[PDB]
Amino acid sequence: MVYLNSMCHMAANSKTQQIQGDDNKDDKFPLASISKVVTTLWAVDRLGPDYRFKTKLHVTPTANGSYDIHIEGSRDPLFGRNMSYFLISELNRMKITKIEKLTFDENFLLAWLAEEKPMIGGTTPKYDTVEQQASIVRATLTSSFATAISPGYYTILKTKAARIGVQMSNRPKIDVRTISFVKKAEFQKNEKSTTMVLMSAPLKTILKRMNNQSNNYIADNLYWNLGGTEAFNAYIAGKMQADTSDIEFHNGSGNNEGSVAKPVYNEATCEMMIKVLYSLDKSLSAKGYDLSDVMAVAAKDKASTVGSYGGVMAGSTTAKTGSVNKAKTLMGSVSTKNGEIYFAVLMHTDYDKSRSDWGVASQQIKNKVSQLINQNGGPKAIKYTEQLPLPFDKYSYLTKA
């Protein structure tokens, strides 16, 4: 059954900063993937929107014209197929085609399908030992990084890269003989090695990709990188003077951390969502950015969950969706004749009784946001050109430290 849990809103320029909405605006409800906006705020505050994950390669020539390479990881949360293809292209650009010994530490996170289904919407693997993580990274390095590159996926990426001014090799290929895990504390850089850096795209880009796709892998890894639940609780208490009664998280993504029998979902109040939007906007504005630099724009970001959010929302609304068994949610900003307004809509669903509830709730949410826009003089198009967020950009080329 579909009904409203709570809706709230606040003009961005409010002098009083009084949040408007119903009597349930201070009650906790399941957030689903609007949780990712909270993770976005945490990351923006802790790292900065221009932060880059600086993966280091320690490169040493060997007697037979090959190289030994140790990867000193950065916990880049978008290091999968496409970053690997870029790295291989870069190795080839450097005349590195054969690697004798490839080693990597516990901060080298590699998930081949990081940007693809089913990882976008799946349960992000949570490695409870470093040895488990390393076994799987080694396997992915062996079966994916070190094997024939898919011509279809590579050419799709290369074409996207060219649109953002990045050069890639036409015929990428690497040979790797031995692959093994070497812990950071145990790594001994060779006197003859050179440290090369492969920087990620800036954090804002990573966040944009996450919030376009609703990418669980990125969100969960950012949350763990920043210290997980204990660290999040401390952050939000210090940021918002909030406690468990206002917001209770267990992961970065919003999905179910328990069973269908006993679910565990991130929950927060509708008021807390408005406060998060206000704070995110403030932190981004300090660096010359808008919510549209990290969150999807209705009808403009075609490769997002709001690509077909039509009507008065199209081009005016920056928003993040969410869907779980018991909730359909949306939060963001609307640009109106009267200015920028933050909103959050928390619906109740019973998707397990009736799978049609998500679609029913979705249109009810859209109509409620459209009504809000109507009541503030209609839409005003934001200044926005559709972005093409990749894991790398024109500053990601392998370069000496």
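Counting begins at 1, following the sequence as shown.
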message = When the Cα temperature factors in the entry are averaged, is it 205-213 or 302-310 that ends up higher?
response = 302-310
task = Averaging the C-alpha B factors as listed in the entry, name the stretch that ends up higher: 240-248 or 270-278.
result = 240-248
message = Checking the record values for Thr123, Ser292, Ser253, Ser323, which has the greatest CA B factor?
response = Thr123
inquiry  = Highest recorded C-alpha temperature factor, please, choosing from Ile71, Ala114, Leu87, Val264.
reply    = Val264
request  = Give the position of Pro30 by CA B-factor within its chain, expressed as the lowest, middle or highest third.
outcome  = lowest
request  = Tell me, lowest, middle or highest third: where does the Cα B factor of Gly339 rank within its chain?
outcome  = highest
CA B-factor ranking of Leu388, expressed as a third of its chain = middle
note = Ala219: CA temperature factor from the record, placed by chain third, in the lowest
message = Ranking the modelled residues of this chain by C-alpha B-factor as given in the entry, is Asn82 in the lowest, middle or highest third?
response = lowest
